[PDB]
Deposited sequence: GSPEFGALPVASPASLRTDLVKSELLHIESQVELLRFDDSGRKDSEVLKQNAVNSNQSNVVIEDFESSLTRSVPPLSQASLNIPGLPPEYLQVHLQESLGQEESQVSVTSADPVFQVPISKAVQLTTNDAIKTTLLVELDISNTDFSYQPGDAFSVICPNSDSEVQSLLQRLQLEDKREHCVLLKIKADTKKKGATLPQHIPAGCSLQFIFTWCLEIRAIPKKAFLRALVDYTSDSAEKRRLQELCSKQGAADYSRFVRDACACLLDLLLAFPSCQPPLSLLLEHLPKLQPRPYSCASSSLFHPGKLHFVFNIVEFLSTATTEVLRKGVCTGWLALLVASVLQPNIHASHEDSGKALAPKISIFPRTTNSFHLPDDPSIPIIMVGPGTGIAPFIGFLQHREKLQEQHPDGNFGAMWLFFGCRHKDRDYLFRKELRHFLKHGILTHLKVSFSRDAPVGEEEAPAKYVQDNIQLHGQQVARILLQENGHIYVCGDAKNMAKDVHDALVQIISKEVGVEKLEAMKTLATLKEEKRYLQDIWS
């Protein structure tokens, strides 16, 4: 059976009218500046000691808990801290890209970089994220975000290395004024990366120097500390969903995130310890109050629960040291899709409640058939207690998780709560929350 495409079908490689017949306003070509020669020749490395799948096998998103052994380091952390993980690109992706650039057989050559004597770029400097003299393999694996969506100026540069007339034309369309919609749809929304484009435009043969002028730094990914060193001394836990998304890939439907895809591969045999390189974030503010008598409210749907597991572990240990202490209330608003699939830490939370560490637990299930569906609905149902904690009892509220929408939804809920509870106008309520934030009693750790 043949792949047969009808005349009306547009795609990354094919426009339809009007764009296909349009006069193009094409951006100016970026001035090349890099000269490449291929020469033949406070970071902590910590083992992964444990990994646990927290979700059922049929959960739409797979959530993992990973334990790192920090015992042979001088690394320290407090609950709510974040740290950065240094991750590589997929070996298969790096191989495919080097193969496509006809560079696979030079993968062990050292990349020596200079500025071209004859460049028309002012202020041209060597990219700081490409270590001078490292192997091509090393640079593609560890230094370059090969997943990055090519900008219009990168597409513009690739026009000049594309020999097929229709393919060159399509790339002109994709970087032009007139091709804005097609770029947004077929490149940006589609999450297309360089390899995807080069496979889609087989006649595009760009030089390595051009890639190194456009591919950005491969950034480390931060994770939140999901444990207390009081509770698991010498260990550090973190929790993450494996990211999976639809892309331009022709032979694969879902692509995994760079860091979470790698972590999942690393821990397969632990689920000869695998090791990863991490480093602390110098500033961290998402912390328990110094005064343990102060009541707190934690709002952490899905994996946003992560730092709060660390807060609760910390308080368990603090309480063990000092029974009879004046310890403030601890409220958790947790949300997930299905009680029977992704109710993270269900047993541990039960433990915290049983022992009087967690004062109140309010869990919402957004996809179970019927009741509060999201954390914001449950917060509203307990508005009186929430208002009193924040406004009469000097309390703090913490909101963590991947959605910025979640953060806005929680915010708007609190606005409604303060208006109704104190009986002030929506505007005074909004300014109260802003003053709460200014005083560091309303804290956010938002992940996207």
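Residues of the deposited sequence missing from the coordinate set occupy positions 1-57, 99-112, 343-356, 456-461.
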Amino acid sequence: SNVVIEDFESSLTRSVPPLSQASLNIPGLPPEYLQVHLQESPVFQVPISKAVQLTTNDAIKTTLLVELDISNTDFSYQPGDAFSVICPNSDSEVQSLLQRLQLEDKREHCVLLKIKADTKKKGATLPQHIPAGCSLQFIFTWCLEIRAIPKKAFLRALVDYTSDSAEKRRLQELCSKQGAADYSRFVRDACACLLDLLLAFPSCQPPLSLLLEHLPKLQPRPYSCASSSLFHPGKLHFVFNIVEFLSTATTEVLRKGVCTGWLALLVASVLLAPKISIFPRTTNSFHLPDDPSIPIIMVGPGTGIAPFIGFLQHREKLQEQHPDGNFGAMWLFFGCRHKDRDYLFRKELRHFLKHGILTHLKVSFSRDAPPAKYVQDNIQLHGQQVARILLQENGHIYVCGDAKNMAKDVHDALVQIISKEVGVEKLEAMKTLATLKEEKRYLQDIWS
From here on, numbers count along this sequence of modelled residues.
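Looking at mean Cα B-factors across 396-404 and 49-57, the upper value is held by 396-404. The PDB entry records a higher mean C-alpha B factor for 112-120 than for its counterpart among 93-101 and 112-120.
Which of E145, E348, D368, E316 has the largest Cα B-factor in the deposited entry comes down to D368.
Looking at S227, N241, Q128, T73, the one whose CA carries the top B-factor in the deposited record is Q128.
Ranked by C-alpha B-factor against the other modelled residues of its chain, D81 falls in the lowest third. Among the modelled residues of the chain, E40 sits in the middle third by CA temperature factor in this PDB entry. Among all modelled residues in its chain, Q321 ranks in the highest third by Cα B-factor. In the PDB entry, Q137 places in the middle third of its chain by CA B-factor. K373 sits in the highest third of its chain by CA B factor, as recorded in the PDB entry.
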